[PDB]
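A single chain, nothing else alongside it, follows as structure tokens in the form deposited in one PDB entry.
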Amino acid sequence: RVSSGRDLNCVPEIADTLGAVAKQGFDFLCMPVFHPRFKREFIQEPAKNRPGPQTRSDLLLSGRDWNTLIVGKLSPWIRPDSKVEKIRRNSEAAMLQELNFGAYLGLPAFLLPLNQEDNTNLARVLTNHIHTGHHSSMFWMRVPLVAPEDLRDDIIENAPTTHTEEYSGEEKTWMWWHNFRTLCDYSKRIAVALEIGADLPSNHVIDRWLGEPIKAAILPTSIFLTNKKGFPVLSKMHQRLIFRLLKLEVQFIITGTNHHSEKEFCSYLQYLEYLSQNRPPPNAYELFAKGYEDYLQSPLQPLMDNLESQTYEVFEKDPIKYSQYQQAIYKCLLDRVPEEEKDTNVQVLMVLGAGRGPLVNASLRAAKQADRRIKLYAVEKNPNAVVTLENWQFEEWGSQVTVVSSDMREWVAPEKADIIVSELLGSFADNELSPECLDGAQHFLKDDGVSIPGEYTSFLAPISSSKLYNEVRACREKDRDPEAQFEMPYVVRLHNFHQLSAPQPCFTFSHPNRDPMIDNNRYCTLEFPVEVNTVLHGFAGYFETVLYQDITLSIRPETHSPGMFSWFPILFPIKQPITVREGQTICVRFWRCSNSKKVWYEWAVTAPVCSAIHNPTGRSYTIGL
């Protein structure tokens, strides 16, 4: 359940070294395509004409071996950011040479070091290489958690290490990475190979790499311990970090020599793989939604569109969600009719937006266990789902369920509603126009009628995710505004992200609205205290809803309804990422706008730096009325 790699910087013979690495239990091998000590001269005339092959044959491995087993390493002497010019241009021509040989071999990944602050000329040559051919190979940048200058032993008399807390200086390696990728314009082929030090840094420094495209974790043999039995082990602190990585499904890579006579590299993995089993399988919600991690989708629009048969099916694969509805109705039924009026007072229940009728059946089970009599209207506008309803009224429901095929805003009802039941809420609560729908349907709800859900609330929280920022950035399509993908929300099971503040309420709607004058236009102004240095990429959205009384449904992480995978969080992006210092406040503003044809969201950032107003006039995203 763990994919691991072996980092070597010494191969005498590929086929004999790779065969060794394979038997020990490794999925791939990181090795130098060129001899690490083979400095080559490209300009200077005595040494430019060095004879012989510049490296070993490609024939030493099969085609699929290079494609799936081998991760290239760029030679340690390549220093394109050197202060000496001759070293710069040799490093330039040689970095291109090594990189071009990796693409020649079809290697899936290439390792590049980020061991100093300035890799500007490094980023450049790399970028040109990315923009020469159109390829999909990845580039793993080695960046350690703690810089080599901040880990050195305090054994120099006249240069003692700084014992003070450099809060932003302890995060300095992240700045190496951030500046590198920003120079490379967020190329999808450039990911992080995080090197784990013997002694870990501060918690914020580790938190810094939340949301970053970490494809690999480097585990040197030196950071391992020795249990009472004499085998390599890891501290609880270190183990927690690995557990955190396990959640991102990074590949785990061992580097350095093994100091144990009891030798054998499998033990180092034996403990590592061992850890995966120890991590609890599954987290319940995680099992079902696997493969949807960080997967961008357009939010469903049941009103404007007609949902397919299999999206109604996934809706029903959540009993927990309906139990709350069942219970809310249950509780409500008892409240409205007393025990002596039980068999005389029949209640008009109306499932507005019945779909394939899970709500109508939950309304039936609620009436049975409440021992009160109900007349039930199943109202659905999607003609295709109505076919399921009418087949299921005829076969089993009978005349207790009346199926109505119309829009609830248009539908004239024969009877007034004792209770109306709605499932209209979206990921961001009202993004599915549940307000406008239930509003136009209040007229057939009697004056003391209960609407389920009574209210719902949208929540917002700023997030940091360079991973997710590329995916939106990759969403550009032809025949449309090149930035329109940034001005539209997405429903997505957020995974590799970092929440930057506690979710705050955004919009609220109460049904029945009543009010002399109903207006679903909204202005809400939020301020999010941020206690860490970071980069703002977007705002995650959740919702809480109160079906009736205490019963509720929620995807807000603090009050997340346990065991409910029915809804995913929504993500509002911003065109340009915004850097945020510790102690700064993220002020965001959101608008719910509407005309007579459509409803949309506008949003902007007025915090540390202003951001353009997103989706103005609904130019890039509408919710059709």
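Throughout, rigid core stands for the largest set of C-alpha atoms superposing within 1.5 Å between the two forms. Shifts are known only where both forms have a C-alpha. Sequential numbering from 1, following the sequence displayed.
Not pictured, yet referred to below: the form deposited in another entry.
> Give the option from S82, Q549, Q504, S406 whose C-alpha shifts by 2 Å or more between this form and the one not shown; the alignment is on the rigid core.
One residue passes the 2 Å cut-off, namely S406.
> Superposing on the rigid core, does the Cα of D430 end up 2 Å or more away between this form and the one not shown?
Yes, the C-alpha moves 2 Å or more.
> Establish whether a shift of 2 Å or more occurs at the C-alpha of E262 between this form and the one not shown, with the two forms superposed on the rigid core.
Yes, its C-alpha moves 2 Å or more.
> Closer or farther: how do the Cα atoms of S427 and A484 compare in that other deposited form versus the shown form, where the change is at least 3 Å?
Those two alpha carbons end up farther apart in that other deposited form.
> Please check whether, in that other deposited form, the CA atoms of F428 and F444 lie closer or farther apart than here, given a change of 3 Å or more.
Between the C-alphas of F444 and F428, the gap narrows in that other deposited form (3 Å or more compared with this form).
> Considering only residues present in both forms, which runs of at least 3 consecutive residues have all C-alphas displaced by 2 Å or more between this form and the one not shown after core superposition?
After superposition, residues 261 to 263, 406 to 412, 424 to 431 shift as runs.
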